[PDB]
Amino acid sequence: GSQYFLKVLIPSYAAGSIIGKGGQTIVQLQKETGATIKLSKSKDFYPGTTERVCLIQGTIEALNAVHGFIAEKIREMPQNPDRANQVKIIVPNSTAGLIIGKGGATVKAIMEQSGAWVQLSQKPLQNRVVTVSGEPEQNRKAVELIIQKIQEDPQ
RNA sequence: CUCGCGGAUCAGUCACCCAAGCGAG
Ligand SMILES: [K+]
Ligand SMILES: [Mg+2]
Ligand SMILES: [Mg+2]
């Protein structure tokens, strides 16, 4: 199948639930989806964050499926707040360009399409961070549109 | 070169990748 990349950010508390004991959960997920998934090592954060990186390679549908499973795990946290309803994605600068559009018309449309709140990082690597927030179903739809833009691009 | 075994150290619900050492083409 036509393969695409999706890079998503993983809060440290969420990583163990993703990989699983012995790696059983991340292996089973790769098996079920066909996607290849690799995490950064534990203290290997994305510049400017406390978050590990998840590189996923697969069909569009696998990308979407794998993301949702990450979001489900992220939704479960309670160590003893805003981050439980966030998604963060790392996109190439050219696809961020496409996510934004002329005078920001595409991101407005993406937010109007979803019920999600979508931001990007300004211009501080040739990647930008896309932050999506809203309820689960809003975020999912937003993430679907974003993967659609990842798909629509000669990178 | 590449692959197979292996699994130092890191990690730690921590996999994949990656060291020593070994094997094969
Ligand atoms: K190996
Ligand atoms: Mg091995
Ligand atoms: Mg090896």
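Each chain gets a letter, A, B and so on, in the order its sequence line appears, and its residues count up from 1. These numbers come from the heavy atoms of this one structure, side chains and all, not from hydrogens, waters or symmetry mates.
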Contact summary for A:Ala116 and A:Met111, nearest pair of heavy atoms
O-CG, 3.1 Å
What are the two closest heavy atoms between A:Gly58 and A:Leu63, and how far apart are they?
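Looking at all heavy atoms of both residues, the closest pair is N-CD2, 3.8 Å.
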For a side chain to side chain contact (heavy atoms under 4.5 Å, CB included) with A:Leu6, tell me which candidate from A:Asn64, A:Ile37, A:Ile89 qualifies.
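Going through A:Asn64, A:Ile37, A:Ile89 one by one, the side chain to side chain contact (heavy atoms under 4.5 Å, CB included) with A:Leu6 is satisfied by A:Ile89 alone.
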Span that lies between the [atom1] atom of [M] and that of [N], in whole angstrom:
N	M	atom1	result
B:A8	B:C16	P	12 Å
B:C3	B:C18	P	8 Å
B:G23	B:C14	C1'	29 Å
B:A20	B:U9	P	14 Å
B:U13	B:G25	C1'	39 Å
B:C22	B:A11	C1'	26 Å
B:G7	B:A15	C1'	13 Å
B:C10	B:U2	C1'	27 Å

On RNA chain B, more 5' by nearest nucleotide between A:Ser42 and A:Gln24 is A:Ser42
What's [X] touching, base or sugar-phosphate or nothing? Going by heavy atoms closer than 4.0 Å.
X	value
A:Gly16	base
A:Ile18	nothing
A:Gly20	base

Which atoms of nucleotides 6-10 of chain B (N or O only) lie under 3.5 Å from a protein N or O atom, and what are those distances?
unit_1	atom_1	unit_2	atom_2	d
B:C10	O2	A:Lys41	NZ	3.2

Who are the side-chain hydrogen bond (donor to acceptor under 3.5 Å, both in side chains) partners of A:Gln119, not counting sequence neighbours?
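Per chain and number, A:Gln119 pairs via side-chain hydrogen bond (donor to acceptor under 3.5 Å, both in side chains) with A:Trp117.
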Could you tell me whether the side chain of A:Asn93 and the main chain of A:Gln126 form a donor-acceptor pair under 3.5 Å?
yes
May I ask you to say whether A:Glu144 pairs ionically with A:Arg140, meaning some side-chain N is under 4.0 Å from a carboxylate O?
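A:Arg140 and A:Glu144: salt-bridged.
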When the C1'-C2'-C3'-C4' sign is the only test used, does the sugar of [N] come out north or south?
N	value
B:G6	north
B:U13	south
B:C14	south

Out of B:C14, B:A15, B:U13, which nucleotide sits closest to the side chain of A:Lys38?
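So the side chain of A:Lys38 is nearest to B:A15.
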Give a yes-or-no answer on whether the side chains of A:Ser94 and A:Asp153 include a donor-acceptor pair shorter than 3.5 Å.
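Side chains of A:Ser94 and A:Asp153: pair found under 3.5 Å.
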Let me check I have this right: for RNA chain B, each base becomes ., (, ), [, ] or |, based on Watson-Crick or G-U pairs with both distances under 3.5 Å. What is the full string?
(((((...............)))))
A:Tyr4 with A:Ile147, same ILVMFWY side-chain cluster at under 4.5 Å:
yes
Got A:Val129 and A:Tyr46 here, is their nearest side-chain heavy-atom distance under 4.5 Å?
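Yes - at least one pair of side-chain heavy atoms lies under 4.5 Å apart.
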